[PDB]
Structure formats: structure tokens, C-alpha cells
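A.B. asks: Under my numbering, think of the first position of the sequence shown as 1, with each following residue one higher.
Backbone N, C-alpha and C define an ideal beta-carbon position, used for all residues, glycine too.
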Amino acid sequence: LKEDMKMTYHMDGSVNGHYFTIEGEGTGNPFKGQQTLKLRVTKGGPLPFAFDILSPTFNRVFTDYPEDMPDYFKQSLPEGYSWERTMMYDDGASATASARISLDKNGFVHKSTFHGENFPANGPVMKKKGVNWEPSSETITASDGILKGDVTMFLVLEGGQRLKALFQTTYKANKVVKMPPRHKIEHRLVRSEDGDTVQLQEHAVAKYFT
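See below:
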């Protein structure tokens, strides 16, 4: 690892049975928990839903961990880890996702999938009324060599509303690492658009409870 890393992204996904592919590149400082991504829809575009439902799928290596806390994700390198995720929305929509994080000569390789269903046809997701996720705090717990993450998510929508979702994730390293205590990761993710390339910026900091 170094302070200036590169990443590449490939996602195959679908939402309400409409399939798409996204590719892109990123840079970040994994020690400061900072990453900036540049993503392009290469098949199935333009997306007929709010991009925000995909953005958390696009890497806890980029988490600022305290020096004295075991860092599950950085320990996993160079082999890396994978995760599986469920996302349950307050409107009845639901989605699953998975990702595998590894390293080649250029930097991180991020390969993900996404499957979303039952987003209401006339609702803010399918009408593209997402703005940004509110900052959130994911609780991370350790058991039997794997981590589980739990976070209640609020998508800010146009017109002042919010849509709630429950995200649950299981993070699985390839090898045995030193396991952390129960803790939280504070996430701040911002999306920006320019009719060509979607930008995501995330800052993430791990901290002890209390």
C-alpha cells in the first residue's frame, strides 16, 4: 500500500429486470479513508433509475483506521476479500450485491454485481429523484473470522424527503487476520454528475464506541 492508490471498477447489474454494465477508475488515499471514483455506463445506458442505489456498491480498504485497532481490510492484502450485501428499502424494494477486491500491478481491482427488484415504477428511485445519501454510521461486528456490517441508510430526495433502507453486509477475507473489536465506520459519500462520467467521493473513518 501507498498513500496514492489507483483502482479499476467493473459492475454487472440489473434493476427491475433492466441490465447494465458500469466501468471506471479511481484514486484514493487508503490511510486517510478517502477515495474518488470516475464511473461510466458502458451498456444499458442511460440508467432509468437513481444512480444512488448503486453507489455504496462501489471498498473499506479506504477507511482511516486508528493505529491501535485491527484493520481487517488492509490486513487482507494483497489477496483481498469479498463481501455480500442485502439492502431493504422502506418502499418494499430490495437488492443484493457482491464485490471482490484484489490487487494487480496497477492497483485495486473491484468487480461487483448488483440485483435490484420491486422499486415502484412511479417512485423516486425509478423517477431519478435521488440527491445523495446522508452521512451514516455502520456498526462492524466480528465473529468466526468474518465481519458483519449493519447500517441504516437515508437517501435524500428532491423536495426534502428521505427514503430509508437497511444495509447488511458480510465481509470475508481470504486468509486469517487479526480481528477487531466491535466498532463503527462513519461514511460520507457524495455523488456528482456531468452527463458523461459519474463521480463518487467517499470519506470513511473507523472509531471505537463511546
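What is the DSSP secondary structure of residue 159, counted as helix, strand or coil?
C.D. replies: Here residue 159 sits in helix by DSSP.
A.B. asks: Which residue from 184, 74, 25 puts its Cα closest to that of residue 138?
C.D. replies: Out of 184, 74, 25, 184 has the C-alpha closest to the C-alpha of residue 138.
A.B. asks: At the level of alpha carbons, what is the spacing between residue 189 and residue 37?
C.D. replies: Distance between the alpha carbons of residue 189 and residue 37: 11 angstroms.
A.B. asks: What is the rounded straight-line gap between the Cα of residue 144 and the Cα of residue 68?
C.D. replies: If I take the Cα positions, the gap works out to 21 angstroms.
A.B. asks: For residue 141, collect the residues of the same chain with a Cβ closer than 6 angstroms to its Cβ; drop the 5 residues on either side in sequence, then sort them by chain order.
C.D. replies: 148, 182.
A.B. asks: What's the call for residue 180, buried or exposed, on a 16-neighbour Cβ count within 10 Å?
C.D. replies: Label assigned to residue 180: buried.
A.B. asks: Please report the Cβ distance between residue 10 and residue 111, rounded to the nearest whole angstrom; I am assuming they are in contact, meaning their Cβ atoms lie under 8 angstroms.
C.D. replies: 5 angstroms between Cβ atoms; contact.
A.B. asks: Counting pairs of beta carbons, one from the region 60-74 and one from the region 42-49, are three or more of them closer than 8 angstroms?
C.D. replies: Result no; under three Cβ-Cβ pairs closer than 8 angstroms.
A.B. asks: Is the region 48-64 touching the region 198-206 in the sense that three or more CB pairs, one from each, lie closer than 8 angstroms?
C.D. replies: A contact exists between the region 198-206 and the region 48-64.
A.B. asks: What's the call for residue 176, buried or exposed, on a 16-neighbour Cβ count within 10 Å?
C.D. replies: It is exposed - the Cβ of residue 176 has fewer than 16 other Cβ atoms within 10 Å.
A.B. asks: Count the other C-beta atoms from every protein chain shown that fall within 10 angstroms of the C-beta of residue 208, then say buried if there are 16 or more, exposed otherwise.
C.D. replies: Exposed: under 16 other Cβ atoms inside 10 Å.
A.B. asks: Leaving out five residues on either side along the sequence, give the residues of the same chain with a beta carbon under 6 angstroms from the beta carbon of residue 16.
C.D. replies: The answer, listed in chain order, is 119.
A.B. asks: Taking the beta strand (DSSP E) that residue 9 belongs to, which residues open and close that run?
C.D. replies: Its beta strand (DSSP E) spans residues 5-15.
A.B. asks: Report the rounded CA-to-CA distance for residue 7 versus residue 153, giving the unit in angstroms.
C.D. replies: The straight-line gap from Cα to Cα measures roughly 25 angstroms.
A.B. asks: Assuming residue 89 contacts residue 165 under a Cβ cut-off of 8 angstroms, what Cβ separation, rounded to an integer in Å, is found between them?
C.D. replies: Sure, about 5 angstroms apart at Cβ, within 8 angstroms.
A.B. asks: List the whole-angstrom C-beta distance separating residue 40 from residue 197, where the pair is believed to meet the contact cut-off of C-beta under 8 angstroms.
C.D. replies: The pair is a contact, with the Cβ atoms about 6 angstroms apart (cut-off 8 angstroms).
A.B. asks: Mind checking which residues open and close the beta strand (DSSP E) that includes residue 81?
C.D. replies: Start and end: 81-89.
A.B. asks: Is the beta carbon of residue 103 closer than 9 angstroms to that of residue 130?
C.D. replies: In this structure, residue 103 does not lie closer than 9 angstroms to residue 130 by Cβ.
A.B. asks: What residues in its chain sit with their C-beta under 8 angstroms from that of residue 210, if we drop five residues either side in the sequence?
C.D. replies: Contacts found: none.
A.B. asks: Among the candidates 12, 81, 192, 135, whose CA atom is the shortest distance from the CA of residue 174?
C.D. replies: Considering only alpha carbons, the answer is 81.
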